[PDB]
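Visitor: Could you have a look at this structure, given as structure tokens, before my questions?
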Amino acid sequence: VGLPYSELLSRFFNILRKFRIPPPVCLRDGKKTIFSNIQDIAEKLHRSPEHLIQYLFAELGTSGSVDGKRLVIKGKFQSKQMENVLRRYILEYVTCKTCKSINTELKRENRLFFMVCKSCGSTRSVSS
Amino acid sequence: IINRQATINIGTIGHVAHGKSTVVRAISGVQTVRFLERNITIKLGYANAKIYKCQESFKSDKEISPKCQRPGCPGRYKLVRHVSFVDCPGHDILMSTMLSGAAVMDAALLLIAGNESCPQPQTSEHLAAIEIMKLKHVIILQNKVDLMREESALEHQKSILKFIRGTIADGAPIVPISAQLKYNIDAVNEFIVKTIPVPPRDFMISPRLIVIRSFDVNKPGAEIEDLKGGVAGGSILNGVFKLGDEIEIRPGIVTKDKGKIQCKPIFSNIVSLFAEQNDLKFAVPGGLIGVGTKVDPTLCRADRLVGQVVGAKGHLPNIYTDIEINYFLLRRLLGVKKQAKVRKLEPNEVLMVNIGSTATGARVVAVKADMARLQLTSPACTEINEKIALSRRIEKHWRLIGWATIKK
């Protein structure tokens, strides 16, 4: 029977609601990956700096520490694969599938990360 | 309100990158297990939902939370039923797990998005499997409507209707839902109650339990003087279980390694039952329960108990490595957008055979017109007869060929 469905559909219908990438000013001078421009990235895209570091760690087996603006990360990583990583980060962590909102916040939800959006309150995969 | 455990097994079927897990989340509240040791052995996301209805109409009755302030009525919701979710993977490689899930299920939920193609193969295959393994209670759900237009959705619905006519299933409810917006779940809940009657189950019915997960409840730095028994994370199809019963694990075991595999089934006595949060004496069928038996914690390690069947004492299932199947083939393959004729079986070829739940890959030894001899790598079992679904690798994905029955 396709008659009580129609009403439901109608109800559903009734109740309904990129240049942002910054230039990475970094020398590929390696052995230890140094990102001095990362503060600007954090600022422009509206994000805490630590989350990006965490993402990087998740991507590739690295070990380092946070310093005030500048990063000391172990590894010789280039100005194109890091760039690719950045591009990915900007493609999925900034973007929310249901509604593209600005306000996104960090949450440690158990070992794998899952962030929350301040506008609606939805759990997004913070790994893929 | 007393904390009552699960009453009926509800499963979800669909396609890859649609968001079945998301749907499950929307329905309940507890996050899915999938996507190292704890909640990793099973490929089915565990979800605890609640059906408590207020009777102080249609959609304004069902709620997620037990506390009621949202619709308008000041009174608390009345006890109906508690439900658990079995989320099978909708991927083309791990179909064995899906098949395993299927036999455990009592109610089905189909998900189709209104943006992709109309005749979807995987969904069709799933439907076929459902038809095979005795699951006449099917509910159709629409996943994505917000991205599409007014008439497009209607067209999609019409197409769906056209599709479901020639099949065995005729009476199936249809609901439009959004997982991310959190709406129209109440209607779904209502449907779950109204359309599907709960089958009668006493304490005389042949015990039937299927173990998917294995638990070793041991703290890092605990003495031998105080030890907890091995916990088997298993779901009950039928038969009510209580504390103080004899259980046997039936797919056999490889112990002595030269050496024949002629051995008795794995006997065990129940110590404790782990459900919801607190310990309980009774176990209502139709849900995954951490059954703590006299089995070792060494056996319940990580990847040793995968789809192993459990039965109560005084019933005899059977250890099978070589199976005698009576198979029937269809005319043309179901699960393409390009219908192809079903070819005859070739000797020594990797196929996937699922006797009810037993997730097994089998090689063909002898080819006959009606009978087939199959050699199994992973262990399998036979209860009395059990409805069997067959699947073959032709074009990257597992594709259904027909139905089978064991002659023993």
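Residues are referred to by chain and number: the chain letter is A, B, ... according to the order shown in the structure tokens, the number counts from 1 in that chain, and ligands are numbered separately from 1 in the order shown.
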Would you mind listing, as a PyMOL selection string, all residues of chain B that have at least one atom within 12 Å of chain A, where only C-alpha atoms are what counts?

Guide: chain B and resi 19+21-22+25-26+29-36+38-39+58-59+140-142+144-151+153-154+157-158+160-161+170-188+191

Visitor: Hey, what does DSSP flag as helix (DSSP H, G or I) within region 80-110 of chain A? Can you give it to me as a list in words?

Guide: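 Checking each residue of region 80-110 of chain A, the helix (DSSP H, G or I) ones are residues 81, 82, 83, 84, 85, 86, 87, 88, 89, 90, 91 and 92 of chain A.
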
Visitor: Between A:54, A:62, A:48, A:119, which is the closest to residue 32 (chain A) once you count only C-alpha atoms?

Guide: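 Closest residue, counting only C-alpha atoms: A:62.
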
Visitor: What is the distance, in Å and to one decimal place, between CA of residue 366 (chain B) and CA of residue 351 (chain B)?

Guide: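 Answer for the CA of residue 366 (chain B) to CA of residue 351 (chain B) separation: 13.4 Å.
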
Visitor: Which residues, written as a list in words, have at least one atom at most 8 Å from residue 105 (chain A), with only C-alpha atoms counted and residues fewer than 4 positions away on the same chain left out?

Guide: residues 115, 116, 117 and 118 of chain A

Visitor: Quick one, how far is CA of residue 304 (chain B) from CA of residue 230 (chain B)?

Guide: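 Atom-to-atom, CA of residue 304 (chain B) and CA of residue 230 (chain B) are spaced 13.1 Å apart.
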
Visitor: Find the residues around residue 31 (chain A) up to 8 Å (only C-alpha atoms counted), leave out those fewer than 5 positions away in its own chain, and share them as a list in words.

Guide: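 Close residues of residue 31 (chain A): residues 74, 75, 76 and 77 of chain A.
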
Visitor: Can I get the selection written as a compact mmCIF listing (two decimals), in the first residue's frame, with C-alpha atoms?

Guide:
# COMPACT_ATOMS: atom_id res chain seq x y z
CA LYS A 74 60.79 14.17 12.87
CA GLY A 75 61.11 13.07 9.23
CA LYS A 76 62.18 14.34 5.81
CA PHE A 77 58.83 15.18 4.21

Visitor: In Å, rounded to a single decimal, give me how far CA of residue 3 (chain B) is from CA of residue 72 (chain B).

Guide: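 So the answer is 24.9 Å.
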
Visitor: Which residues, written as an mmCIF file with C-alpha atoms, in the first residue's frame, have at least one atom at most 10 Å from residue 198 (chain B), with only C-alpha atoms counted and residues fewer than 4 positions away on the same chain left out?

Guide:
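The resulting file, selection28.cif, is shown below:
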data_model
loop_
_atom_site.group_PDB
_atom_site.id
_atom_site.type_symbol
_atom_site.label_atom_id
_atom_site.label_comp_id
_atom_site.auth_asym_id
_atom_site.auth_seq_id
_atom_site.Cartn_x
_atom_site.Cartn_y
_atom_site.Cartn_z
ATOM 1 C CA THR B 7 13.469 -9.300 22.325
ATOM 2 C CA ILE B 8 13.888 -9.452 18.511
ATOM 3 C CA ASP B 106 14.113 -11.976 12.327
ATOM 4 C CA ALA B 107 13.295 -8.567 10.791
ATOM 5 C CA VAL B 193 5.772 -2.913 16.164
#

Visitor: When DSSP is applied to the backbone of this structure, which of chain A are assigned strand (DSSP E)? Write them out as a list in words.

Guide: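 DSSP-assigned strand (DSSP E) residues in chain A: residues 32, 33, 34, 35, 64, 65, 66, 67, 70, 71, 72, 73, 74, 104, 105, 114, 115, 116, 117, 123, 124 and 125 of chain A.
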
Visitor: For the selection you just gave me, I'd like the residues written to a file as a PDB file, in the first residue's frame, keeping N, CA, C and O atoms.

Guide:
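Result written to again-v7.pdb:
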ATOM      1  N   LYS A  32      64.246  16.758   9.699  1.00  0.00           N
ATOM      2  CA  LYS A  32      63.130  17.076  10.579  1.00  0.00           C
ATOM      3  C   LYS A  32      62.218  18.093   9.890  1.00  0.00           C
ATOM      4  O   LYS A  32      62.645  19.211   9.572  1.00  0.00           O
ATOM      5  N   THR A  33      60.978  17.675   9.627  1.00  0.00           N
ATOM      6  CA  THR A  33      59.952  18.532   9.017  1.00  0.00           C
ATOM      7  C   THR A  33      59.646  19.733   9.920  1.00  0.00           C
ATOM      8  O   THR A  33      59.195  19.573  11.064  1.00  0.00           O
ATOM      9  N   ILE A  34      59.923  20.922   9.390  1.00  0.00           N
ATOM     10  CA  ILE A  34      59.676  22.186  10.089  1.00  0.00           C
ATOM     11  C   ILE A  34      58.616  23.021   9.356  1.00  0.00           C
ATOM     12  O   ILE A  34      58.774  23.363   8.179  1.00  0.00           O
ATOM     13  N   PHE A  35      57.528  23.312  10.069  1.00  0.00           N
ATOM     14  CA  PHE A  35      56.442  24.134   9.549  1.00  0.00           C
ATOM     15  C   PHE A  35      56.313  25.389  10.410  1.00  0.00           C
ATOM     16  O   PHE A  35      55.819  25.336  11.545  1.00  0.00           O
ATOM     17  N   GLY A  64      57.012  14.331  17.532  1.00  0.00           N
ATOM     18  CA  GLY A  64      57.468  15.701  17.786  1.00  0.00           C
ATOM     19  C   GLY A  64      56.751  16.423  18.914  1.00  0.00           C
ATOM     20  O   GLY A  64      56.079  15.795  19.740  1.00  0.00           O
ATOM     21  N   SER A  65      56.902  17.749  18.940  1.00  0.00           N
ATOM     22  CA  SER A  65      56.322  18.608  19.981  1.00  0.00           C
ATOM     23  C   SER A  65      55.843  19.958  19.437  1.00  0.00           C
ATOM     24  O   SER A  65      56.354  20.447  18.423  1.00  0.00           O
ATOM     25  N   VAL A  66      54.865  20.548  20.127  1.00  0.00           N
ATOM     26  CA  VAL A  66      54.274  21.842  19.753  1.00  0.00           C
ATOM     27  C   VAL A  66      55.107  22.988  20.340  1.00  0.00           C
ATOM     28  O   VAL A  66      55.484  22.950  21.517  1.00  0.00           O
ATOM     29  N   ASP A  67      55.389  23.995  19.512  1.00  0.00           N
ATOM     30  CA  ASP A  67      56.167  25.168  19.926  1.00  0.00           C
ATOM     31  C   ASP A  67      55.553  26.482  19.435  1.00  0.00           C
ATOM     32  O   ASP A  67      55.166  26.609  18.266  1.00  0.00           O
ATOM     33  N   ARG A  70      55.591  27.442  15.397  1.00  0.00           N
ATOM     34  CA  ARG A  70      56.534  26.604  14.642  1.00  0.00           C
ATOM     35  C   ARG A  70      56.568  25.151  15.123  1.00  0.00           C
ATOM     36  O   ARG A  70      56.445  24.880  16.319  1.00  0.00           O
ATOM     37  N   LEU A  71      56.733  24.228  14.176  1.00  0.00           N
ATOM     38  CA  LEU A  71      56.746  22.794  14.477  1.00  0.00           C
ATOM     39  C   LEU A  71      58.109  22.136  14.289  1.00  0.00           C
ATOM     40  O   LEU A  71      58.840  22.455  13.349  1.00  0.00           O
ATOM     41  N   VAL A  72      58.435  21.226  15.207  1.00  0.00           N
ATOM     42  CA  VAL A  72      59.614  20.365  15.097  1.00  0.00           C
ATOM     43  C   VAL A  72      59.118  18.914  15.026  1.00  0.00           C
ATOM     44  O   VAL A  72      58.918  18.254  16.054  1.00  0.00           O
ATOM     45  N   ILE A  73      58.895  18.445  13.798  1.00  0.00           N
ATOM     46  CA  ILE A  73      58.397  17.089  13.541  1.00  0.00           C
ATOM     47  C   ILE A  73      59.509  16.272  12.883  1.00  0.00           C
ATOM     48  O   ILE A  73      60.141  16.739  11.938  1.00  0.00           O
ATOM     49  N   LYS A  74      59.741  15.060  13.391  1.00  0.00           N
ATOM     50  CA  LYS A  74      60.790  14.173  12.872  1.00  0.00           C
ATOM     51  C   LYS A  74      60.405  13.553  11.529  1.00  0.00           C
ATOM     52  O   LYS A  74      59.291  13.044  11.369  1.00  0.00           O
ATOM     53  N   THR A 104      33.308  24.160  13.890  1.00  0.00           N
ATOM     54  CA  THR A 104      33.618  22.760  14.215  1.00  0.00           C
ATOM     55  C   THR A 104      34.584  22.691  15.398  1.00  0.00           C
ATOM     56  O   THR A 104      35.555  23.454  15.461  1.00  0.00           O
ATOM     57  N   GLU A 105      34.311  21.773  16.327  1.00  0.00           N
ATOM     58  CA  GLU A 105      35.084  21.658  17.570  1.00  0.00           C
ATOM     59  C   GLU A 105      35.665  20.266  17.831  1.00  0.00           C
ATOM     60  O   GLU A 105      35.109  19.249  17.395  1.00  0.00           O
ATOM     61  N   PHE A 114      36.669  11.587  16.892  1.00  0.00           N
ATOM     62  CA  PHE A 114      35.388  11.961  16.287  1.00  0.00           C
ATOM     63  C   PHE A 114      34.990  13.368  16.747  1.00  0.00           C
ATOM     64  O   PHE A 114      34.617  13.571  17.911  1.00  0.00           O
ATOM     65  N   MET A 115      35.087  14.332  15.827  1.00  0.00           N
ATOM     66  CA  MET A 115      34.781  15.741  16.111  1.00  0.00           C
ATOM     67  C   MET A 115      33.284  16.047  16.039  1.00  0.00           C
ATOM     68  O   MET A 115      32.512  15.290  15.440  1.00  0.00           O
ATOM     69  N   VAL A 116      32.889  17.165  16.653  1.00  0.00           N
ATOM     70  CA  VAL A 116      31.493  17.632  16.639  1.00  0.00           C
ATOM     71  C   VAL A 116      31.344  19.036  16.045  1.00  0.00           C
ATOM     72  O   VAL A 116      32.221  19.891  16.214  1.00  0.00           O
ATOM     73  N   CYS A 117      30.231  19.249  15.343  1.00  0.00           N
ATOM     74  CA  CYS A 117      29.880  20.549  14.774  1.00  0.00           C
ATOM     75  C   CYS A 117      29.012  21.333  15.757  1.00  0.00           C
ATOM     76  O   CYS A 117      28.052  20.790  16.314  1.00  0.00           O
ATOM     77  N   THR A 123      28.240  13.659  14.537  1.00  0.00           N
ATOM     78  CA  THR A 123      29.520  12.971  14.650  1.00  0.00           C
ATOM     79  C   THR A 123      30.081  12.625  13.275  1.00  0.00           C
ATOM     80  O   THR A 123      29.454  11.899  12.503  1.00  0.00           O
ATOM     81  N   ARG A 124      31.265  13.148  12.974  1.00  0.00           N
ATOM     82  CA  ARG A 124      31.912  12.894  11.693  1.00  0.00           C
ATOM     83  C   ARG A 124      33.193  12.086  11.871  1.00  0.00           C
ATOM     84  O   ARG A 124      33.905  12.244  12.863  1.00  0.00           O
ATOM     85  N   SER A 125      33.481  11.222  10.903  1.00  0.00           N
ATOM     86  CA  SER A 125      34.675  10.388  10.951  1.00  0.00           C
ATOM     87  C   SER A 125      35.942  11.233  10.868  1.00  0.00           C
ATOM     88  O   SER A 125      36.237  11.825   9.830  1.00  0.00           O
TER      89      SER A 125
END

Visitor: Region 241-243 of chain B: which residues within 6 Å, counting only C-alpha atoms, same-chain residues fewer than 6 positions away excluded, as a ChimeraX atom specification?

Guide: /B:281-283

Visitor: Using only N, CA, C and O atoms, please write the residues we just selected to a file, as a JSON list (two decimals), in the first residue's frame.

Guide:
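After the write, again-v5.json holds the following:
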[["chain", "number", "residue", "atom", "x", "y", "z"],
["B", 281, "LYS", "N", 19.65, -13.05, 35.36],
["B", 281, "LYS", "CA", 19.42, -14.50, 35.45],
["B", 281, "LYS", "C", 18.82, -15.10, 34.18],
["B", 281, "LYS", "O", 19.23, -16.19, 33.75],
["B", 282, "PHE", "N", 17.86, -14.38, 33.58],
["B", 282, "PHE", "CA", 17.17, -14.82, 32.37],
["B", 282, "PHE", "C", 17.69, -14.13, 31.11],
["B", 282, "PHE", "O", 18.13, -12.98, 31.16],
["B", 283, "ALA", "N", 17.61, -14.85, 29.99],
["B", 283, "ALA", "CA", 18.03, -14.32, 28.69],
["B", 283, "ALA", "C", 16.93, -14.46, 27.64],
["B", 283, "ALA", "O", 16.66, -15.55, 27.13]]

Visitor: When distances are computed from only C-alpha atoms, which of B:80, B:352, B:94, B:47 shows the smallest separation from residue 287 (chain B)?

Guide: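 Closest to residue 287 (chain B), using only C-alpha atoms: B:47.
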
Visitor: Tell me which of B:112, B:40, B:289, B:273 sits closest to residue 17 (chain B), counting only C-alpha atoms.

Guide: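 Counting only C-alpha atoms, the residue closest to residue 17 (chain B) is B:112.
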
Visitor: Please list as a list in words every residue within 7 Å of region 245-251 of chain B, counting only C-alpha atoms and excluding residues in the same chain fewer than 3 positions away.

Guide: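 Counting only C-alpha atoms, the residues come to residues 242, 265, 266, 267, 268, 269, 270, 308, 309, 310, 311, 312, 313, 317, 318, 319, 379, 380 and 381 of chain B.
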